[PDB]
């Protein structure tokens, strides 16, 4: 029996299945790109979803059901998430660096100007502005959700969270549409490269954040959160804000300044 407040996690098979599922996804992408087959990829993606599902299932079991998250365990988790977001910001930094590198010194091949010759940028005052208001709004509505949860108001917490997710989804659909309408593609030189890869990783994160808000939604439906202990919701809301900020930088950089 221990007399510290920290968590001694039961031996778990999820690290190994997450590792192996990583091997299957990367191995699978290789098989897809070079050996025209998607089987490996399909499997790795499947196990990864199963791994993620079971591993976070257990975190919920250990916390809401078994009580292992003392204030010290909770405090460790805040650092882990802060650090996680930090590494995500540096990842995006690589892609902004790439955008600013190419756009500030356009090479002869593009006509030595930005945007390149033969590229017709979207209007930042059109769906890009809409997308921006959608994300900024979902930041407001998730603050409302946080305050409702802290004031112990179940119904308005769920209502504000719902609104937040729907906004998230609206962004995704708008962006999907815009992708299809765009007269330029990923193969359209450095303009297409930097554009789709930066916004495309952003869109991936909007999907992840959304999924995470949804998990928070169902955990709330089942009364997991107390007015005072709800780190899963805090995490998701920090992550959601990171996502909103990344968009403000893409907007200002690539859509506005980059047009």
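Numbering follows the first chain given and starts at 1.
Once the C-alpha B-factors are averaged per stretch, 80 to 88 and 180 to 188 rank with 180 to 188 first. The PDB entry records a higher mean C-alpha B factor for 115 to 123 than for its counterpart among 115 to 123 and 69 to 77. Sorting 222, 202, 230, 57 by the CA temperature factor given in the entry leaves 222 at the top. Sort the chain's modelled residues by C-alpha temperature factor and residue 98 lands in the lowest third, per the entry.
When the modelled residues of the chain are ordered by their C-alpha B factor, residue 139 lands in the lowest third. Placement of the Cα temperature factor of residue 39 within the chain: highest third of the modelled residues, per the deposited record. When the modelled residues of the chain are ordered by their C-alpha B factor, residue 211 lands in the middle third.
Per the PDB record, residue ranking by Cα B-factor puts residue 26 in the middle third of the chain.
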